[PDB]
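**Q** Output the structure for:
(chains A, B, C, D, E and F)
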Amino acid sequence: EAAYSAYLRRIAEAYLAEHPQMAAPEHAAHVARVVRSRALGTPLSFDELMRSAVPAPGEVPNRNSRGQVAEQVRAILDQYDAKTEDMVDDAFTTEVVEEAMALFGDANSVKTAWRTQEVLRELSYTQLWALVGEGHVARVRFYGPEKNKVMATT
Amino acid sequence: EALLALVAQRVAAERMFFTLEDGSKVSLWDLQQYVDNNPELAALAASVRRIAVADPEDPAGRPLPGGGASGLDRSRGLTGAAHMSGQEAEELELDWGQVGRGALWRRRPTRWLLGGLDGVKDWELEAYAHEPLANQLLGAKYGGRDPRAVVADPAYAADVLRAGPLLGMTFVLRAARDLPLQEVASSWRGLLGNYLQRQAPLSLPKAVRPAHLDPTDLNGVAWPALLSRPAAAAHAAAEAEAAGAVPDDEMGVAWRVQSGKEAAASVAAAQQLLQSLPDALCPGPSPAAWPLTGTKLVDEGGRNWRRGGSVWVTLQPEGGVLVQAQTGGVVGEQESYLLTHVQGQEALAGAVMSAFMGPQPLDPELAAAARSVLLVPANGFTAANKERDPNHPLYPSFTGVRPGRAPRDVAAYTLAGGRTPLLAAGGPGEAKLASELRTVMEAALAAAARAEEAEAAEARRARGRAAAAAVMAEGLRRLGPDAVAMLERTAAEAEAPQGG
Amino acid sequence: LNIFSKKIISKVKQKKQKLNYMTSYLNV
Amino acid sequence: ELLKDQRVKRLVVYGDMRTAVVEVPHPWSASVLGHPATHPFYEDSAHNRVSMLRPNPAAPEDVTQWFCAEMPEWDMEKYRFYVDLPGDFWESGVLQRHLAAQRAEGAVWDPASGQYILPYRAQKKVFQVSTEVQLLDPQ
Amino acid sequence: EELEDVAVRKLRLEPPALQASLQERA
Amino acid sequence: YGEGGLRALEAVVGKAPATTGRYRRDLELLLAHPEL
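**A** Residues are numbered from 1 along each chain as shown, chains lettered A, B, ... in the order given. Below is the structure in question.
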């Protein structure tokens, strides 16, 4: 229970040196409040509080597997086979950028991804539990001859 | 300009205050800003999200142990009505117990035809009464008597018709069909006009104490201080005789008669307020301009009232009729709307009460069931067993102990020490211990008489109570735990069921 | 809507599918 | 052991409820650390990998006890292990105990100082991820 | 900048605007 | 039931990783050299 004391001391030093002085003889209750808050954990804002753990289905980006990267390379290497002012600022070589995205990139640089957009964008049990605890699920309907599956309406 | 000296000045500086818990007073403008201009917290409020507190006196967080899954919270997925465990219904006020069921039939289902295939139901009728007020009124007069004799007397029927606003009889009419608006308005207007044509000049209460809830303590009430006065009954009677002194039995209420329900006045005024039903509910022809539109109480076009919506008609005293409503379906999506609230219309409250519990009601089964249930809150029991009383007339609570069967064995029967309560009443031990308790009580009564306007009398009663408690306690330590049990059962089987 | 803004939306959907097949595009 | 250490990103239980695929991330892909082994998904304008390693005030000498936000799952590189579950896997309740341990905390109101606080117990360590349990339907 | 192109966008930091978009707008 | 019978960490922050510890030197070096 002395570790608590040294811990709160460290949090005090942290806030005192982090925010430029401002500690002073005044604001002592404010210092105690921020010490308690940073000791317990991270103070969330309201937007961070209502942020769902479950991402939106549109928020999951595509990540190609190696075979789909091969399909992309084949498509890009197949495809193809005015005053400078009005020319758009994005006037680069489309084929070169597409092929330099099929290599490296973000959708093509995992080398382990397998149905990254089909798995995900799909509720699992833990994500359904998080959505229900956040009050985001309107109705749960048990179906099947065994009643081990639900059709959750959010 | 637009009341720039009147809509400003923070409406009389908002000199009306509230009172939260530890006597803290907050302004109505502050509270209105808290419900209006603080909508981030309302986003949590309409999401039933669980957060759980942290312990403030703990060095290491430690989320405080709470059980919050209260009846309203768990019931949000149910349909029609919520569900609690009795104790949670005892909390959150919730004191309007159901006294009767009924139905407003279009064509009454016959047991012949095809089982009742002509049984069109327009509304389901339920009646609710304030159980503490039902006890306080119908229990100190019609309590401890034969309930069959009470419900047989025409004076009890007259009294439950007269004291209806006092009981706060609220009738819930739940729509069992997609009813057209004009048909329902015409039916209710015709029925209430027919019952207003027979509303003779009859009896109404008169006020014995004014005021209460001054514009500094709108959160508070005057009745606990009124009932916990240093003399109570004496003060109340003194107020009574300085205005309307109770002529009846132990009920209160002075009951002015006849003229109170004027004829060319409030009865005719109500016959006009009923005429302003189909020009206040279905106004000039535009089903999007009719007040009850858009809300879930009607359909999309507003022509018909949706099945499952309910209309709550509460009869307040002083002729106040409060018509609210509530949509049907999932209670987590139900929205309640206040429709109207009329004050001073003594003919409307009396006419609705006669229409529901009169000599010819809208439902004789509902009227008989309500007038018959009301003796159960009158006898201090409530309609539903909220207090979990084992001696309830209907739905009694069980002890949760398995009944004992005497075995045909010898090893089960053991002759232990003095660890059995006395169960044989009338024996010599019971009689002699009753005699010893009798001499202890007589010593207590003798010792309470030496303890030496109505406030000093109550102080003397408190001193006598202290001396009697001392002498009785010494005598009960002289006697045994069986004598403690006998004193407890003697005190239990001596008070009236009404609690007086 | 009409034909022109039925061709523009079709072209935009085709390029959206091409972007999804290549990039971290969203809601496709 | 990996489930108790919260090192398992995904647990795909198959139809027979006796065979699981355990998607455990590669360690440097387990959280946003800025390790150069990982693909530079997350870079600032200086073209430096973004590190989100918040220090632990209860253990300044043990960087492995420090706090770090887990990577987005779609950007993770995961070993997919095959596990033959026993027939009393659901009776033993190890997965149930892990789920009950994981869902027991988060976003706690603190009246002693105001604000909603996400506790340090609700946050993840350097290589700890949130386990995603998904069951498969044989139909 | 790039510190918003990826750091807050791909890494799903910066929780969606609810307080500001509900008070200032709605 | 059982045998034996008579009898700022793990309650504020919560446990400590067990499979982790072999990456301590790499974490320390990644913190020491941000150019990596």
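**Q** tell me the SS of the closest residue to chain F within chain C?
**A** Nearest to chain F, among the residues of chain C, is residue C:24, at 25.1 Å (Cβ to the nearest Cβ). Yep, even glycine has a C-beta here, placed from its N, CA and C like the rest. Secondary structure state of residue C:24, per DSSP: H, G, I helix; E, B strand; the rest coil, is coil.
**Q** Next to chain C, which bits of chain A? Give me the list.
**A** Proximity of chain A to chain C, by Cβ under 8 Å from any Cβ of the partner chain, involves residues A:58-59, A:61-62, A:64, A:72, A:98, A:101-102, A:105-108.
**Q** Out of these, give me the one that has the most neighbours.
**A** Highest neighbour count within the residues of chain A next to chain C: residue A:107, with 25 neighbours (other Cβ atoms under 10 Å in any protein chain shown).
**Q** Could you check how far stretch B:415-424 is from the centre of its chain?
**A** Centroid separation for stretch B:415-424 versus its chain: 44 Å, with Cα atoms, centre = their mean, to the nearest Å.
**Q** Please narrow the residues of chain A next to chain C to those residing in helices.
**A** A:72, A:98, A:101-102 (DSSP state H).
**Q** Closest residue of chain E to chain C?
**A** In chain E, the residue that lies nearest chain C is residue E:10 (6.6 Å; Cβ to the nearest Cβ).
**Q** before we move on, which element is that residue in?
**A** Assigned by DSSP states H and E, residue E:10 belongs to neither a helix nor a strand.
**Q** Kindly report the same for residue B:420.
**A** Per DSSP H and E, there is no helix or strand for residue B:420.
**Q** Could you check how far residue A:131 is from residue D:13?
**A** In this view, residue A:131 and residue D:13 are 20 Å apart by Cβ to Cβ, to the nearest Å.
**Q** That should have said residue C:17, apologies.
**A** Taken as Cβ to Cβ, the span from residue C:17 to residue D:13 is 33 Å.
**Q** More neighbours: which of these two?
**A** Between residue C:17 and residue D:13, residue D:13 has the larger neighbour count (other Cβ under 10 Å), namely 21 against 12.
**Q** Residue D:19 reaches residue D:89, doesn't it?
**A** No: here residue D:19 does not reach residue D:89: they are 10.1 Å apart, not a contact under Cβ atoms under 8 Å.
**Q** contacting residues for the residue most central in space within chain E?
**A** Nearest to the geometric centre of chain E sits residue E:14, at 4.3 Å (Cα atoms, centre = their mean). By Cβ atoms under 8 Å, 6 or more residues apart in numbering or on different chains, the contact set of residue E:14 is residue E:8.
**Q** give me phi/psi at it?
**A** Geometry field for residue E:14 lists phi and psi as phi 60, psi 90, criterion degrees, to the nearest 10.
**Q** again, but for residue A:42
**A** According to degrees, to the nearest 10, residue A:42 has phi -110, psi 120.
**Q** just how off-centre is stretch B:138-148 within its chain?
**A** Its chain's C-alpha centre and that of stretch B:138-148 lie 18 Å apart, by Cα atoms, centre = their mean.
**Q** Span of that stretch from start to end?
**A** Start to finish, the residues bounding stretch B:138-148 are 15 Å apart (Cα to Cα, to the nearest Å).
**Q** Quickly check: the longest helix along chain E near chain D or not.
**A** Determined from DSSP H, the single longest helix within chain E is helix E:2-5. Yes: under the criterion of Cβ under 8 Å from any Cβ, helix E:2-5 makes contact with chain D via E:2-3.
**Q** For residue D:109, list each beta-bridge partner.
**A** Beta bridges link residue D:109 to residue B:53, residue D:116, judged by DSSP bridges.
**Q** what about the helices in the stretch 101-250 of chain B?
**A** With DSSP state H, counting those that start in this stretch, the ranges of helices along the stretch 101-250 of chain B come out as B:131-138, B:147-152, B:154-162, B:164-167, B:181-196, B:223-227, B:233-241.
**Q** what does the fourth one contact?
**A** I take that to be helix B:164-167. Identification of contacts with helix B:164-167 by Cβ under 8 Å, 6+ apart yields B:129-130, B:133-134, B:137-138, B:160, B:205, B:253, B:315-320, B:349-350, B:353, B:357, B:374.
**Q** C-alpha coordinates for it, PDB please?
**A** Taking C-alpha atoms only, helix B:164-167 is exported to PDB below (Å, rounded to 0.1, in the frame of the first residue of the first chain):
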ATOM      1  CA  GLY B 164     -63.900   8.700  -6.600                       C
ATOM      2  CA  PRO B 165     -61.900  11.900  -7.200                       C
ATOM      3  CA  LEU B 166     -60.500  11.400  -3.700                       C
ATOM      4  CA  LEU B 167     -59.400   7.900  -4.600                       C
END
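**Q** Can you get me a residue count around residue 5?
**A** All of this refers to chain A. Residue A:5 has 11 nearby residues by other Cβ under 10 Å.
**Q** if you could check chain F rather than the one you did, that'd help
**A** 6.
**Q** What residues does chain F have near chain D?
**A** F:8-9, F:11-14, F:16-21, F:23-24, F:26-28, F:30-31, F:34, F:36.
**Q** how many neighbours does the residue of chain F at minimum distance from chain D have?
**A** Across chain F, the shortest distance to chain D (Cβ to the nearest Cβ) belongs to residue F:14, at 3.5 Å. If you count neighbours by other Cβ under 10 Å, residue F:14 ends up with 17.
**Q** how about the CA coordinates for the longest helix of chain E, as CSV?
**A** Coordinates of each C-alpha in helix E:2-5 appear next as CSV, following Å, rounded to 0.1, in the frame of the first residue of the first chain:
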residue,chain,number,x,y,z
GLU,E,2,-0.5,12.6,-43.6
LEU,E,3,-1.0,12.6,-39.8
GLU,E,4,-4.8,12.8,-40.6
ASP,E,5,-4.6,10.7,-43.8
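**Q** contacting residues around it?
**A** Residues outside helix E:2-5 that contact it (Cβ under 8 Å, 6+ apart): D:43-45, D:47.
**Q** C-terminal to it, what's the next element?
**A** Counting by DSSP H and E, what follows helix E:2-5 is helix E:19-20.
**Q** check whether that next one contacts chain B.
**A** Yes: using Cβ under 8 Å from any Cβ, helix E:19-20 reaches chain B at residue E:19.
**Q** picking up where we left off before, now the helices of the stretch 101-250 of chain B in TSV, with mean neighbour count?
**A** Below are those laid out as TSV (neighbours: other Cβ atoms under 10 Å in any protein chain shown):
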stretch	mean neighbour count
helix B:131-138	22
helix B:147-152	14
helix B:154-162	17
helix B:164-167	22
helix B:181-196	17
helix B:223-227	10
helix B:233-241	14
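**Q** Show me where chain D has its strands.
**A** Secondary structure of chain D (DSSP state E): strands at D:10-13, D:19-25, D:53-54, D:67-68, D:78-84, D:108-109, D:116-119, D:132-135.
**Q** which residues touch the first one?
**A** Residues from elsewhere that reach strand D:10-13, judged by Cβ under 8 Å, 6+ apart: A:119, D:3, D:19-23, D:73, D:78, D:85, D:95, D:131-136.
**Q** Need the three-state assignment for the residue of chain F found nearest chain E.
**A** Using Cβ to the nearest Cβ, the closest approach of chain F to chain E is made by residue F:34 at 15.7 Å. Here residue F:34 is recorded as coil under three-state DSSP.
**Q** Could I get the phi/psi values of it?
**A** According to degrees, to the nearest 10, residue F:34 has phi -70, psi -20.
**Q** Please pick the buried ones from the contacts of helix E:2-5.
**A** Buried members of those, counted by 16 or more other Cβ atoms under 10 Å in any protein chain shown: residue D:43.
**Q** export the contacts of helix E:2-5 to TSV and tack on distance to residue D:108?
**A** Listed next are the contacts of helix E:2-5 as TSV, based on distance: Cβ to Cβ, whole Å:
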residue	distance to residue D:108
D:43	34
D:44	32
D:45	36
D:47	39
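**Q** circling back: and the gap between the residue of chain F closest to chain E and residue F:26?
**A** 14 Å.
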